[PDB]
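*Asks:* Quick one: this structure, given as structure tokens, is what I'll be asking you about.
Ideal geometry is used to build each Cβ from the backbone, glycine not excepted, and the neighbour counts take in all protein chains shown. Taken together, the values in this text are just the output of simple stated rules run on the coordinates, not laboratory data.
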Amino acid sequence: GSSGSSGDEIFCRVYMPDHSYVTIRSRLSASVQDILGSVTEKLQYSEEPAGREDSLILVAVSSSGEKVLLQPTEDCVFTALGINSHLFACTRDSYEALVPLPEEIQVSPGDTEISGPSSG
């Protein structure tokens, strides 16, 4: 038997439009669809890979508002995504409703950014 050797697996996080991401374990060779399916599972719907959905599209949002509608036919996502970037999975009419996460010393992708005493 064996567990692994190198281990490239990572934990993708799909930031919600209401500010509430999840922790999903994915590989560095997955796809938007793959993740979606995974995240979708995290979403309160059911114990299935398809707990009823109304078309969910991924989108990369950075600390600025730079949205980049991704595709289900991607290759290197986890990598493509910069540092201060967050993935958002929502409908097409919600894509805009999407908002870029803040910039604090809290739950974030970058972390240890030590912005400064600049509240606002």
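*Asks:* Give me the extension gain from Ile114 to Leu28: residue separation times 0.36 nm, minus the current Cα-Cα distance, reported in nm with one decimal.
*Replies:* My answer for the length gained is 28.2 nm.
*Asks:* I'd like to compare 41-50, 110-119, 62-71: which one has the highest average count of other Cβ atoms within 10 Å, and what's the full order after that?
*Replies:* Highest mean packing first, the order is 62-71, 41-50, 110-119.
*Asks:* Now for a different question. What order, most packed first, do the peptides 3-11, 52-60 have when packing is the mean number of other Cβ atoms within 10 Å of each residue? Could you put the intermediate results ahead of the total?
*Replies:* On the way: 3-11: 8.3, 52-60: 15.6.
Answer by packing, highest mean first, reads 52-60, 3-11.
*Asks:* Between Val99 and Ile83, what is the label-point separation in nm under the 7 Å Cα-to-beta-carbon projection?
*Replies:* 2.6
*Asks:* Give the Rg (one decimal place) followed by the Dmax (whole number) of the range 9-93, computed from C-alpha coordinates and expressed in Å.
*Replies:* Cα only, the range 9-93: 12.0, 35 Å (Rg, Dmax).
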